[PDB]
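Read off the chains here:
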Amino acid sequence: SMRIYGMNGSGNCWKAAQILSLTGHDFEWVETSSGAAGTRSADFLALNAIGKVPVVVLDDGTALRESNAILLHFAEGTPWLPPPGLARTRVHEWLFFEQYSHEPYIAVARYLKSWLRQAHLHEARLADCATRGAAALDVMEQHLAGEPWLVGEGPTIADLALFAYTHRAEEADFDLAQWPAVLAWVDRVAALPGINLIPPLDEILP
Amino acid sequence: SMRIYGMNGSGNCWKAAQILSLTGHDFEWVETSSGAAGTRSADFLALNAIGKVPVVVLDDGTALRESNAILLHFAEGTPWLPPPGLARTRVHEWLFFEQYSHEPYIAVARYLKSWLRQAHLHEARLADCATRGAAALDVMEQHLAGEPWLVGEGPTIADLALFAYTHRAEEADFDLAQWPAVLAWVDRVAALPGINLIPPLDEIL
Ligand SMILES: N[C@@H](CCC(=O)N[C@@H](CS)C(=O)NCC(=O)O)C(=O)O
Ligand SMILES: N[C@@H](CCC(=O)N[C@@H](CS)C(=O)NCC(=O)O)C(=O)O
């Protein structure tokens, strides 16, 4: 039976659970810690040498890693992933934008401020995050002011990939009211059948 | 005719030029500055709101961005990219690992040290790059010690994506002799027909 190794509250892990649920796959969740008892354990590194969650393990033992690769793997042949061509390429562009220009600022600031509550250890990092995260939101705003979805005329895994952390941007100290087209898109994605939100970290973390 | 907006010496821009030449596409290179005269100019931001090179613009006006998306776009239907399935997923995994775990350390160290020659101004960051870049090479080494290519039995865009900066790792002060499987793989990729190396940055300056 299929397993997701993940951390409760993680947007990257949410991507994996969300696409599995959207595409009709049953799975077992395995709560995995950070460090020698989890992501840096012998057993885990045997699944993923990179030492990161999410990892999805198929009933045949195959271990899949990288949240955006997991989105691509399970969305293949569904309306969540266009076929090769311009639309698929536009999806790819947003997924690499997400990993390079968005996640490292939004997800990280949320982690440091609302998960660890270590704002004080990362003043420099956090100011940079605030600036570069705002720039990533500006890119999303510019696009979503003119089209309601990231690609083509309907939702795709590009929307899922950027929704993962953007829907919880308040925990990274971003006020989405200042990016009204992004806010409207967050609401549009949240209203889609089958989409679930990450509850507030304060309510799910020990 | 097709254009590539890029920076000479850039590994990410090399990915675009390299896949276009491997797949038989002629292109015009357009050198693009960093900042108001290039990547942050109004004309360039109209092509790519992210304000980053490479950008590939087709004759019909279509502007493509993100070096790994550009690899995916032009490799589709060629031996460089398998059709959907497990091997194709393995390719994706390496492309995301490259962007998240490898490029931000190896490409950035190379740029700050060997392009800008400002190592003295980025101490904490470059120490972090040295540590995390080494970890990324360890992942590559563990794989490549057991097989010659990143995915399956032959070269794919996974190899191209990782080769782009790894082949010039010496400019970020990584000695590839210390990762012998990665060293062997760099030579293996470099020997494929039509693969061109990025010239040393000291020849470009
Ligand atoms: N590029 C990866 C990044 C995943 C990632 O950063 N995972 C984190 C949690 S959100 C992790 O496993 N932390 C590393 C550790 O604890 O060692 C992806 O999108 O899957
Ligand atoms: N994820 C991008 C990264 C590209 C990138 O970092 N390009 C830099 C090269 S210096 C850039 O254009 N930055 C210019 C700017 O931000 O103004 C890709 O792979 O294409």
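Residues numbered from 1 in each chain as written, not as in the entry; some residues may be left out. Chains lettered and ligands numbered in written order. Heavy atoms only, no water.

For this entry, the PDB record names X-ray crystallography as the structure determination method and reports a resolution of 1.50 Å.

On to the packing of helix α4 (residues 86–115) of chain B against helix α5 (residues 123–144) of chain B. Residues and elements named next belong to chain B. At their nearest, the axes of α4 and α5 sit 9 Å apart, and the two run at 135° to each other. Here α4 lies oblique to α5, going by the angle between them. Every pair of crossing elements has a handedness; the one defined by α4 and α5 is left-handed. Where α4 abuts α5, its residues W94, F97, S101, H102, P104, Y105, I106, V108, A109, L112 and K113 lie against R125, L126, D128, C129, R132, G133, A136, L137, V139, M140 and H143. Residues of the contact of α4 with α5, tallied by class, amount to 14 nonpolar, four polar and four charged. (Axes fitted to C-alpha atoms, helices over the stretch in contact; angles between N-to-C directions. Helix = DSSP H or I, 4+ residues; strand = E, 2+ residues; numbered from the N terminus. Parallel < 35°, antiparallel > 145°, perpendicular 65-115°, else oblique. Left-handed = near helix turned anticlockwise from the far one by under 90°. Contact = heavy atoms within 4.5 Å. Nonpolar A, V, L, I, M, F, W, Y, C, P; charged D, E, K, R; others polar.)

Time to look at the UniProt feature "binding site: glutathione 1" (unreviewed entry) in chain B. All names here are of chain B. UniProt tags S10, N12, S34, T39, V53, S67 and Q99 as "binding site: glutathione 1" (unreviewed entry). Within the fold, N12 resides in helix α1 (residues 11–22). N12 sits in the buried class, given a relative accessible area of 11%. Those residues in contact with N12 that sit more than four places away from it in its chain are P54, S67, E98, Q99, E103 and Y165. Structurally, the position occupied by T39 is in the loop between β2 (28–31) and α2 (42–47). (UniProt positions renumbered as here; feature names shortened; annotations may be inferred. Buried < 20%, exposed > 50% of the residue type's maximum accessible area, 1.4 Å probe, protein only.)

Here we take up the site of ligand 1. In the region of ligand 1, 14 residues are neighbours, and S34, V53, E66, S67 and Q99 of chain A sit closest. Neighbouring residues of ligand 1 are not confined to one chain but are distributed across chains A and B. Here an oxygen atom of ligand 1 and a side-chain polar atom of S34 of chain A are 2.6 Å apart. The contact in question runs from an oxygen atom of ligand 1 to an N or O atom on the backbone of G51 of chain A, over 3.4 Å. (Near = heavy atom within 4 Å. Polar contact = N/O pair within 3.5 Å; in protein donor to acceptor, adjacent residues only side chain to side chain.)

For the rest of this paragraph, the subject is the interface of chain B and chain A. Chain B puts 31 residues into the contact, and the matching count from chain A is 31 residues. For the pairing of chain B and chain A, the buried interface totals around 2,900 Å² over both sides, and the portion due to carbon and sulfur atoms is 65%. Summed over the three residues of chain B that lose the most area to chain A, namely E93, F96 and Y100 of chain B, the buried surface amounts to 25% of that side. Along the contact surface separating chain B from chain A lie two salt bridges. (Buried area = accessible area lost by both parts, 1.4 Å probe. Salt bridge = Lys/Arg side-chain N within 4 Å of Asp/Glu carboxyl O.)

Take the sheet that holds strand β4 (residues 63–65) of chain A next. Residue and element names in this part refer to chain A. If you walk across this open sheet you meet the four strands as β2-β1-β3-β4, and the pairing is mixed. Because the sheet does not close on itself, it has two edges, and the strands there are β2 (28–31) and β4. Neighbouring strand axes in the sheet, compared pairwise and without regard to direction, differ in orientation by 25° on average. Across three bridges, the pairing between strand β1 (residues 3–6) and strand β3 (residues 55–57) is antiparallel. Among the inter-strand pairings, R3 is bridged to a residue of β3, identified as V57. Strands in contact with helix α1 (residues 11–22) are β1, β2 and β3; relative to β1, the strand with the most contacts, it is inclined by about 160°. (Pairing = 2+ DSSP bridges.)

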